[PDB]
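Engineer: Below you'll find the structure I mean.
A short reminder: the numbers here are calculations on the coordinates, not readings from a lab. Positions of Cβ are generated from backbone atoms using ideal geometry, with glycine treated the same way; all protein chains shown enter the neighbour counts.
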Amino acid sequence: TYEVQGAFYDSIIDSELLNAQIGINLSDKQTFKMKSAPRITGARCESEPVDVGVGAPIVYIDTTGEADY
Amino acid sequence: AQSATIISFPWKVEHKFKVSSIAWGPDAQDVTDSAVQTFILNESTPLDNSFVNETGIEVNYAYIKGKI
């Protein structure tokens, strides 16, 4: 989790003072969270105890991250 | 084939016959039976009877004999 600081600067203040960060206006403190990578937590095959015939075997894979694609 | 056979059936002694339609389900089964139907073979209405092959000692329910 990072805290970011916004700012603007003009030619009035040089690179030096920019490094010092005095006279340059600064933003209020806001911290943002980094969404974790897609994490796998459990992989397992399972179905009902097959009596006869062909039955569908399911695949149970468990993930615990965060994404959209 | 919906038809089974008893190869040596007792003679003159009746019998109660039931046929069961056993099913089978994924977890278990269940059976529905037909109504009882008793029958006995006698000297009335046999068929497909072409097994009378003389052998010289003809043992029969009506007589036991030996012929040449």
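Engineer: I'm checking my understanding of the structure. Among residues of the range B:25-67 that are more than 19 Å from B:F9 (Cα to Cα) and of a type in the set (S, T, Y), which one is surrounded by the most Cβ atoms within 10 Å (Cβ to Cβ)?
Structural biologist: Per the criteria, the residue is B:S34.
Engineer: More than 15 Å from the chain's Cα centre (by Cα) and either touching a residue at least 24 places away in the same chain (Cβ under 8 Å) or within 14 Å of another protein chain (Cβ to nearest Cβ) (or both): which single residue out of A:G23, A:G42, A:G55 fits that description?
Structural biologist: Just a single option satisfies the conditions, and that option is A:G55.
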